[PDB]
Amino acid sequence: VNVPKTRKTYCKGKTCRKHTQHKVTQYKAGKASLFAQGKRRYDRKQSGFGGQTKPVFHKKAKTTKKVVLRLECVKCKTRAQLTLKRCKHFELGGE
Amino acid sequence: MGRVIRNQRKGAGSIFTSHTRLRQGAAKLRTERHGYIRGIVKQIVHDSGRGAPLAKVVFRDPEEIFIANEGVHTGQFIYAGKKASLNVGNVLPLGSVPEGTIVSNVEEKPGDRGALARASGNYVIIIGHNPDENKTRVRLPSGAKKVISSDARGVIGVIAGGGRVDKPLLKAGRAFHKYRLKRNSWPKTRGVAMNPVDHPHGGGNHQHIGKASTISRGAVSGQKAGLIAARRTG
Amino acid sequence: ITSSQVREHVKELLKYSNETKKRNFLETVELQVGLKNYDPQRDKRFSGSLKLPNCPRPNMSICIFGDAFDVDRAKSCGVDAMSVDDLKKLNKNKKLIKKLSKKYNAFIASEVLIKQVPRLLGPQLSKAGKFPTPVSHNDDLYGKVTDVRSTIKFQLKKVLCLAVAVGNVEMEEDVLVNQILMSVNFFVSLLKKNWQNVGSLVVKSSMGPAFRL
RNA sequence: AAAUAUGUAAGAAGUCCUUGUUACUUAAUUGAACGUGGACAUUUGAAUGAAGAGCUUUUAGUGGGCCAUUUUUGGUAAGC
RNA sequence: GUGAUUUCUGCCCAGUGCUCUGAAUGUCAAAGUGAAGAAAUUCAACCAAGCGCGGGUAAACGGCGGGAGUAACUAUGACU
RNA sequence: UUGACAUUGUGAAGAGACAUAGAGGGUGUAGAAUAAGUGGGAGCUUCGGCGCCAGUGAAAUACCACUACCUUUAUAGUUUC
RNA sequence: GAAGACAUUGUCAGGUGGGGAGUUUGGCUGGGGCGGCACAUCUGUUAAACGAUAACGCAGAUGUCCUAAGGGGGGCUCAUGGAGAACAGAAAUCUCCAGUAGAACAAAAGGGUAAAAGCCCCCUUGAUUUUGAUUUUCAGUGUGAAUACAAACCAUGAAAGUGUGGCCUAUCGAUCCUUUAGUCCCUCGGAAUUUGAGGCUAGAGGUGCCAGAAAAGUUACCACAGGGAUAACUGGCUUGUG
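What chain C contains, in helices and strands, is four helices and zero strands. Secondary structure elements of chain C, listed N to C terminal, follow the sequence α-α-α-α. Taking the principal axes of its C-alpha atoms as reference, chain C extends roughly 60 × 40 × 30 Å. In chain C, the share of contacts with a sequence separation of at least 24, taken over all contacts with a separation of at least 6, comes to 73%.

So, on to the overall build of chain B. Of regular secondary structure, chain B possesses zero helices and four strands. Of the regular secondary structure in chain B, the N- to C-terminal order runs β-β-β-β. A compact globule built from 234 residues would reach a C-alpha radius of gyration of about 17 Å, whereas chain B, at 22 Å, exceeds it by more than 25%. Dimensions of chain B, computed from C-alpha atoms along their principal axes, come out at roughly 70 × 40 × 30 Å.

Here the focus is the arrangement of the chains. The closest approach of any C-alpha atom in chain A to one in chain B is 21 Å; the two make no contact. Between chain B and chain C there is no contact, and the shortest C-alpha to C-alpha separation is 42 Å.

Turning our attention to the environment of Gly39 of chain B. Within the secondary structure, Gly39 of chain B sits in the segment before β1 (53–55). With near-sequence residues (within four places) excluded, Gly39 of chain B lies in contact with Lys56, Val57, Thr74 and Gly75 of chain B.

What follows covers unusual backbone geometry. Apart from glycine, the bulk of residues carry a negative phi angle, and the bulk of peptide bonds sit in the trans form. For the bond running from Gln46 of chain A to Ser47 of chain A, omega is 0°, close enough to zero to count as cis. Along the chain, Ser47 of chain A falls in the loop between α1 (37–42) and β2 (69–70). Along the chain, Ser185 of chain B connects to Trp186 of chain B via a cis peptide bond; the corresponding omega equals -15°.

Procedures and definitions
Residues numbered from 1 in each chain as written, not as in the entry; some residues may be left out. Chains lettered and ligands numbered in written order. Part of a larger assembly, values for the part shown. Heavy atoms only, no water. Residues with missing side-chain atoms left out of burial classes, pairs and counts. Helix = DSSP H or I, 4+ residues; strand = E, 2+ residues; numbered from the N terminus. Contact = heavy atoms within 4.5 Å. Rg over C-alpha atoms; globule rule 2.2 N^0.38 Å.

Structure, rendered in C-alpha cells:
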C-alpha cells in the first residue's frame, strides 16, 4: 500500500553494518520440476494406479497472500534481505 | 447393474436360429467358363428365409439355390458365363446388359452369392460403363457399389413377393417370427426394466431420461438405444 | 557486444567516411540505445541524467490532454488531443488512444479516468507509446517538459528512444565508447540489478555503422 | 459508595555498627549488589490450633452427573 | 421408443446429447527435429486424434414467459 | 479411437540437407509533399537536394541500421517427407 | 483367385470410456432437518464490588485498512453569544472578538488522552539486526498477541529524552513438500574437478473444522451394532394458548 522503492532501513549484512539505501522489490516465484527431492521421491503412484498424497489439496483459502518485501542495499553489497508485510490487496509506491 | 440384454445374447447363451430344422442352404455353388445346364426340380418352402429356395441342376455327375420369381418346376435354369440371359440362368455379371437385375449376387467373384438374396429384393445392374473390369451395381440397400467383373449373378427378381407387404394381424404369427430365428419376440419395452436391469432406467414417473442418441464407440453396454445416429424425428 | 570492440564502434569507427580526406565542416556523433522496452507504464525509468545530453533532432509533438484546460496545456507549444466527449465513445481503442498518446516522445499530460482504464483509455496505449508517466503534471506540461523538449539529458520513454554525445570530430577513444556508456545512465542501468536488459542495437555518427556484432 | 468475600505484612534469622570486593552509573568519601570483623535473639499483642514436616517416584479408576438453601439468566410458566 | 382402428404430430437446435465433406486461423502426447551446455539435462518449433469454431438434428432428453395502458351503466379484450 | 516404433522390402514422379541475398518499398482528413513505422540526425558529400531552430496531423524524411507484407531467382551421391 | 507393407500383430502415448471396478458425502443442534456459529476472535453487559464463571443470553465490532493513519521536536487547542455579509440568504464558506472538555483520535465498545495522545508545520524509516527472559486457560501444553531488558544500527531534539510499529484491549496458522534470503560453511563414503544432488540457520507459499483428513447423491428394496442419552404415542408436570 504505497511502500517507497528504496529507503534507508538501517540493516547491515554485514561487512557493512549501519544504514544503506536498499532497492526493495517484492519476491516472486520459482519453478522446480525434475530437481526437487519433493519430486525425486514424489514421482510414484505405485504404480499401475494412484491417487496422490494425503495433502493434495482442496481446502479453503484466505483471499489474501502476503507481500514478500525484498529489501536489498547496494553498498552493503549484500544481501537481498527479505521482510514481511501482511495485508492484501495493495501495491508499491504511489503516493 | 446386470448385463443388459443385447450384451446378454450374442454368445451361445441360449439363442441361435433353427440350425437343424431347415432345408439345405444358400449356395450359388462353386466355380465353368461357357454355360452348363440346370433342370430345377421342385421349389422348397423352408423356414426363416421366406421366399422359396429351389433345388436344381446336378449335372457333372449328379445344388440348391435361392430362386428368383421364376420356376417352371423344371425351368430353363441353364447358367454359366456365356449363357443366354433370362429370368433364371446365372451369368457372370461381367457380361450382362446394362439395366438388368440379378438377385443373388456375389460380392467378389465366386464365393456363392448373397447380396440381395432375401425375399424379393433384386439388384439392378445399373452401370457397367466405367469398367476396366468391374460393375456399377445397384443393391437392395439403396446405395451403390462397384462389384467385380465376372461374379455369379441371379438374373431376375428374387421370389417371394410382399413376404410382408402386410399384415401380421395378431400377436400370434409371431407364433412364428421365431420357430424361425432367435427368441426375438416378445420384446421387453425396456424402459420398464428397472435401474439395475438394462440401461434404460425406469425411475419414478417413467422417463427415458436424459439423452437417447448413443455415441458410436461407447462401452458395449453403455450401448443400445438408438445406435449412434444422424437424425431423429419423422 | 559489451566487449573490446566497443572502441571499434567508436575509435575505429569515427573517420570511416565514403570518399576522400575527411571534409571541412562540423561533426555529429552519438550512441544509440533505448528507454527500457518495458511497456511505458509500470516500471522503466525514474530520475538522473548521464549524460548523454541532447533534445529533439526532429519534431517533438508528444502527448498532453484531458480536459478543456489541457488544450492550453498544448497551446503555447504543440501536442495531441484527448478530447472531452470521446472517452465515452472514441478517445481510445487501438488507433484512438494511440492518436493522443502515439507521437514519438511519450506523454506529459495529467490524470483523470475513474473506473475506465483496464482495456480502453489509460490501458490500450502503454507499450504502444504512453500510459501516464512522470511529467510533473501539476503546473502544466512545460517546466517538466524540460523533460519533454530540451535539456536533456535524455528522457527515454514511450517506445524506445534516447540520446548521447561527448565530443565533436575526432578526439575520443576509450572515452568515446566509454563516452557512449557515459551517454547512458538510468537507461543502461539503475537500482536493483540493471547492468543489461536487451540483445543488441546500433550506433555511428554519420560515417558507417559501429559495432559489427 | 457498603456487607461478604480478596491481596499482602506480623515475631522477627532481624535489625544496628565496621569495613572489603568491580562490569555496572554517579564528579566522587555515588551508590549499588554482593562478603569479613562486631552488639542483642528466645525475643514485652498478635491470637488459636498441630498426630512433625518436607520431599520423590510411580499407577488405578473418573471425564453422562443429580439434589437442595440463598444469588441469580432465559421462559406466561415447569417435577423446564 | 409408442401402443388396435379412428382421427390428430403445433412452436421451439440456445441448453444436453447425438451427428457432416465443413472452419482462412488457436491448443493439443509420445517418439522425430532445432537450439544451448561438458552432459546430465532445459529451452524451442512444428505436431494425429480430441477440444474449441461452423452446420443439421427434437416419433432425441427435454422445453412452451412473464406487466401496463387500453368505454361509449358497468365489468371487460380480439387492441396497441 | 489416434500417433510413434518395431513386424516391413522390390522397384518409379515432385519438396526440403549438404553448401547464398539482393531491387520498386507504403491509396484517411491537413502541411507544395511517399504514414504499421522507429529514432541515432545537425548534418551526408570539392554541389546544396532535404532539412532543421518553425511543423500540423492519429504518426515527419535526405546521412538508413532496422522489430515486419507482394512481385522477382541455379543440382550431379547418399538422404529423407 | 482377392489383398499387396497396407492392414494386422506387438510396445509405449493421447483421446475417449458410471459398461465396469474401488472410494469417500464435517461438526455444535431443546430430538433429526432448513437455518445460525456461542466451531476461531474483540468490547460492553449478563456475572452477584479481586480473580474465575453458563447458555442457539442482551447490545454491538473482527479475516482489514496506514509510507503514514510509523518515529522525534517544535508550535498551536477542539461541536456557542455579540460582531462585517456580495453568488449566502436557516447556512453551505469567508474573516474578529469574550467562558462547561460537549471534539478528535481508521475503523466495534469501553479505557484512556488538552502546552496532549487531538491540529499545522520541521526533519527521519525502529514497521529496523541478533538473541533470551516476561505476560497473557485460576496455567503446568505450542500459537498470536503484548512487557522490560541486553547487546548492535539508526532516527529525531538544544537538550533530558523518546522511538523496539498504528494510543490499550480484536484483526490471524503445526507436520512432509516447494521457493527464497542467508555463510560461501558441511557430504556424496575408492580420489579428485567442475554440473547436479543433498544439508544447517531466517522467511513466503495452505490448512477458517482456524491443534491443521484431500472427498457427490439415493434407497420405499434395503441391512447391522447400540441409543429412552434422542424425536413421533400414554402418562407426567406448566397452562401461555382454549
